[PDB]
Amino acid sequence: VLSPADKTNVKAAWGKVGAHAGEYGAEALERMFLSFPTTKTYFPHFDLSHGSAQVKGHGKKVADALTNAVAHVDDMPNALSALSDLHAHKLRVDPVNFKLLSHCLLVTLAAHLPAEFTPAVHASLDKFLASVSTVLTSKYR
């Protein structure tokens, strides 16, 4: 569960990301595809080369979904309901993969937030991404 402090930390960190959210989304995906090749099995229809249009576009969608969750941090199950249905009933990405993307998002944020990525913020962001992942896999079965 996210504490008041967790929410303050997440909003502060994601706010700093600001306009770069889309760029970071694309970068996190790229880090994921390179570090954990098995995740590429879900994007056989994508050009996964560096800077591809599809990865850029998808990174934007992923980041915008996260921005929306932060804006509705006290009502994520509902704010992400549509996305949850999509992953549970159509995409069906195995649950194990969410931790991989979450880790890569954390690494991306760490690489871009020298000042705000403190141990406390690191902890809050990890809980947040795990919470988002949990919501996205809550309707799988």
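In this text, rigid core is short for the largest set of C-alphas that superpose within 1.5 Å between two forms. Residue positions are given as counts along the sequence shown, with the first one as 1.
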| query | finding |
| --- | --- |
| Comparing 30 to 38 and 87 to 95 where Cα RMS over structures and residues is taken in 6 other deposited structures of this protein (core fit), larger one | 87 to 95 |
| Average Cα temperature factor in the PDB entry - higher stretch of 44 to 52, 58 to 66 | 44 to 52 |
| Options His72, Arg31, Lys99, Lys90 - largest CA temperature factor per the record | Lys90 |
| B-factor third for the C-alpha atom of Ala115 within its chain | highest |
| Within-chain third of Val10 by Cα B-factor, per the entry | middle |
| Where the record places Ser35 (Cα B-factor, split into thirds across the chain) | middle |
| Third of the chain's Cα B-factor distribution that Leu80 belongs to, per the entry | highest |
